[PDB]
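Undergrad: Structure below; questions to follow.
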Amino acid sequence: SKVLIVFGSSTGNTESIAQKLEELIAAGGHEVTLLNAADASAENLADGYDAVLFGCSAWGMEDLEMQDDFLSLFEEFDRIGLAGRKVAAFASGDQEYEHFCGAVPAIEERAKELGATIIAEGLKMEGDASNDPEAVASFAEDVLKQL
Ligand SMILES: Cc1cc2nc3c(=O)[nH]c(=O)nc-3n(C[C@H](O)[C@H](O)[C@H](O)COP(=O)(O)O)c2cc1C
């Protein structure tokens, strides 16, 4: 299958998770494309892809604010071509906050509104990929099986 992975990462934790995810799905016999949302042109970005995974950390002093490289892409979800495609979200976050990885539910809702199907429950964890390999491995499992 063809899998597209796009992320927005400020310190590198959501990046780390998106690279591990690329490795695990690619290992399953699938073609993975990895993009930093800061580099990606949204226009028809999903065309060709059987699933699309979105990674994005949560910030904001008060309410939830998305990582800014993702956000800019989030604005353009309308042109991506998500209708009838499979999608899932992941993120790095901090339990010590009220809205743990709040970007994840947010992505899932925008995606469903645009006609996407949610493949697996959003991955929510702390630190980089090495900090919770199980959580990463399992989320990749969930994804693989829906492909
Ligand atoms: C000011 C600020 C606000 C944050 N807010 C949240 C949040 O609300 N939810 C959450 O899970 N993590 C929150 N975090 C933790 C970061 O999301 C996480 O440590 C960081 O984004 C690592 O991901 P990244 O390196 O891929 O950017 C916050 C961090 C900073 C310092």
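In the structure tokens, chains take letters A, B, ... by order of appearance, with residues numbered from 1 within each chain and ligands from 1 in the order shown.
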Neighbouring residues of ligand 1 are defined here as those with any atom at most 7 Å from a ligand atom, counting only C-alpha atoms and all ligand atoms; list them as a list in words.

TA: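 Checked against 7 Å with only C-alpha atoms and all ligand atoms; the hits are residues 8, 9, 10, 11, 12, 13, 14, 15, 56, 57, 58, 59, 60, 61, 64, 67, 92, 93, 94, 95, 97, 98, 99, 100, 101, 102, 126 and 127 of chain A.
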
Undergrad: Can you tell me which residues surround residue 18 of chain A at a distance of at most 7 Å, considering only C-alpha atoms, apart from same-chain residues fewer than 5 positions away, and format the answer as a PyMOL selection string?

TA: chain A and resi 5+7+55

Undergrad: Take the residues just selected and output them with C-alpha atoms as a tab-separated table (two decimals), in the first residue's frame.

TA:
```tsv
chain	number	residue	atom	x	y	z
A	5	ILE	CA	3.35	10.65	6.69
A	7	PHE	CA	4.41	16.07	10.66
A	55	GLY	CA	1.85	14.20	13.38
```

Undergrad: Looking only at the backbone, which of the residues in segment 3-117 of chain A does DSSP tag as strand (DSSP E), as a PyMOL selection string?

TA: chain A and resi 3-8+31-36+51-56+58-59+65-66+86-93+117

Undergrad: Using atom CA of residue 69 of chain A and atom CA of residue 112 of chain A as the two end points, give the distance in Å to one decimal.

TA: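 Atom-to-atom, atom CA of residue 69 of chain A to atom CA of residue 112 of chain A, that is 21.3 Å.
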
Undergrad: As a PyMOL selection string, please: the residues near segment 20-25 of chain A (cut-off 7 Å, only C-alpha atoms, same-chain neighbours under 6 positions excluded).

TA: chain A and resi 32+34+129+140+144

Undergrad: Which residue is closest to residue 66 of chain A? Choose from A:107, A:82, A:38, A:52 and count only C-alpha atoms.

TA: A:107

Undergrad: Applying 8 Å and only C-alpha atoms, which residues near residue 80 of chain A remain after dropping the ones on its own chain fewer than 5 positions away? List them as a list in words.

TA: residues 42, 43, 44, 45, 46 and 47 of chain A

Undergrad: May I have all residues of chain A that DSSP, computed from the backbone, assigns to helix (DSSP H, G or I), given as an MDAnalysis selection string?

TA: chainID A and resid 13:26 68:74 77:79 103:113 129:131 133:145

Undergrad: Could you pull the residues within 10 Å of residue 41 of chain A, counting only C-alpha atoms, minus those fewer than 5 positions along the same chain, as a list in words?

TA: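 The residues that qualify are residues 35, 73, 76, 79 and 80 of chain A.
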
Undergrad: Go ahead and dump the residues you just picked, C-alpha atoms, as a short mmCIF file (atom, residue, chain, number, x, y, z; two decimals), in the first residue's frame.

TA:
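Final file, selection_4.cif:
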```cif
data_model
loop_
_atom_site.label_atom_id
_atom_site.label_comp_id
_atom_site.auth_asym_id
_atom_site.auth_seq_id
_atom_site.Cartn_x
_atom_site.Cartn_y
_atom_site.Cartn_z
CA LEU A 35 7.29 14.90 4.69
CA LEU A 73 -0.73 22.99 6.30
CA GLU A 76 -5.09 23.87 3.52
CA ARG A 79 -7.03 20.98 -1.05
CA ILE A 80 -5.34 17.78 0.11
#
```

Undergrad: Using only C-alpha atoms, which of the listed residues (A:75, A:63, A:50, A:68) sits closest to residue 36 of chain A?

TA: A:68

Undergrad: One decimal, in Å: what's the spacing between atom CA of residue 16 of chain A and atom CA of residue 84 of chain A?

TA: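 Interatomic distance, atom CA of residue 16 of chain A to atom CA of residue 84 of chain A: 28.3 Å.
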
Undergrad: Can you pull out every residue within 7 Å of residue 90 of chain A, counting only C-alpha atoms, but drop anything in the same chain fewer than 4 positions away, and send it as an MDAnalysis selection string?

TA: chainID A and resid 54:56 104 122:124
